[PDB]
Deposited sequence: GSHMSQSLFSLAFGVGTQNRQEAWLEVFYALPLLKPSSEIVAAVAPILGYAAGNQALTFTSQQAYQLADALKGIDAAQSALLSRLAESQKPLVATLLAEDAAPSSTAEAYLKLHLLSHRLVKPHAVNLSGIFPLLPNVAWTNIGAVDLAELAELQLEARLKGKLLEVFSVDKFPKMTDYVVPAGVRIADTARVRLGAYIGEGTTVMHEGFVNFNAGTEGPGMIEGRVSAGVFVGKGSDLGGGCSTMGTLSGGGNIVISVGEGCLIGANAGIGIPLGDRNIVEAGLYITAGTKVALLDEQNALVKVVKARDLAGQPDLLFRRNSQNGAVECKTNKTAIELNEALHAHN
């Protein structure tokens, strides 16, 4: 059938052969049937969603099979054939809950290469497939092996720098999409979608399955599942809630340290320091005369609203 996705990866395994991570240089969404037919017999792929380990020899074969069909992939395979690290072919017949770590990594790659957008893909059950890993300067290292490797580096006057201990590596160690700035890359997870024209500044954060249409200036905290529309600036220290699908529309503005726990419609402005939850009582104002006191949940998705705290009596107000 028409496969959902396929990618040839080079990854890391621990001493018991558990996959810790996979690097895919050139993942493909909706690969052509020609590529799939050319590669399936060599890998032993028949059907379904499979993570298939392949040898250096198979890499040479696959590189030949795709000379004539896809040069970019062929060229990748020739490099992969000389790898000092294990290779895996991830062929997905369908977009379903991931069943292996390799697949988990592939889907996070589809997001960060921008080939798919937040919510587009099934990520259910991803957490148990992504091992807790020490991310270090020499690569992913198993937690049960790390202590020894740390000591060993010290004996040489070197340092094994461990810059993250988590289930998700930082995005930019796998892919840097075009038209993007990320001041401090520890704050953008693999699986984040950083739209063309987005600057993530140092206080900005973007989790997996979340991000920006682009352009925009992101200095706040975009949580898992939160998408942000084009031309929307997030002030330093602000937050989106990590239930209805939270999002930020196009043209929006979000002051520093502000917190939004409901969807914001296009062209919304939010005041610095202000917090809005679903049950936040707001005074709805007009052209600014009072109308009525409603909960923020009932303004969810509305365009051109301006959320500000009244500095004199502390009342939260929405000027239409």
Check your understanding: Can you list the gaps, numbered from 1 on the deposited sequence, where no C-alpha is modelled?
Key -> 1-5, 248-253, 299, 333-347
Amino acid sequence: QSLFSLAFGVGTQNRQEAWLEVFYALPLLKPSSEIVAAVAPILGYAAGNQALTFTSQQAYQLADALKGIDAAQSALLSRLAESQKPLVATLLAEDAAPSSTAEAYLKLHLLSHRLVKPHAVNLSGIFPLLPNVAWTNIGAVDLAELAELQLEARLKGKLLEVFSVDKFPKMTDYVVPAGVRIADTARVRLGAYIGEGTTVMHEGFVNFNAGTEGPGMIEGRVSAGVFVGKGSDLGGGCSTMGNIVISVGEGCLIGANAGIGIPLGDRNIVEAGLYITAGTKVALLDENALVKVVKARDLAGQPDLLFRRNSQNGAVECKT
From here on, numbers count along this sequence of modelled residues.
**Study point:** Residue stretch of maximal mean CA temperature factor, 25-33 vs 258-266
**Key:** 258-266
Study note, to complete from the structure: Of 267-275 and 57-65, the stretch with the higher mean C-alpha B-factor in the deposited entry is 267-275
Practice item. Choose from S99, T199, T240, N132 the residue with the greatest Cα B-factor as stated in the PDB record. Key: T240
Review point. In terms of the chain's CA B-factor thirds, is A18 lowest, middle or highest?
Key: middle
Review point. C-alpha B factor of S247, ranked within the chain: lowest, middle or highest third?
Key: highest
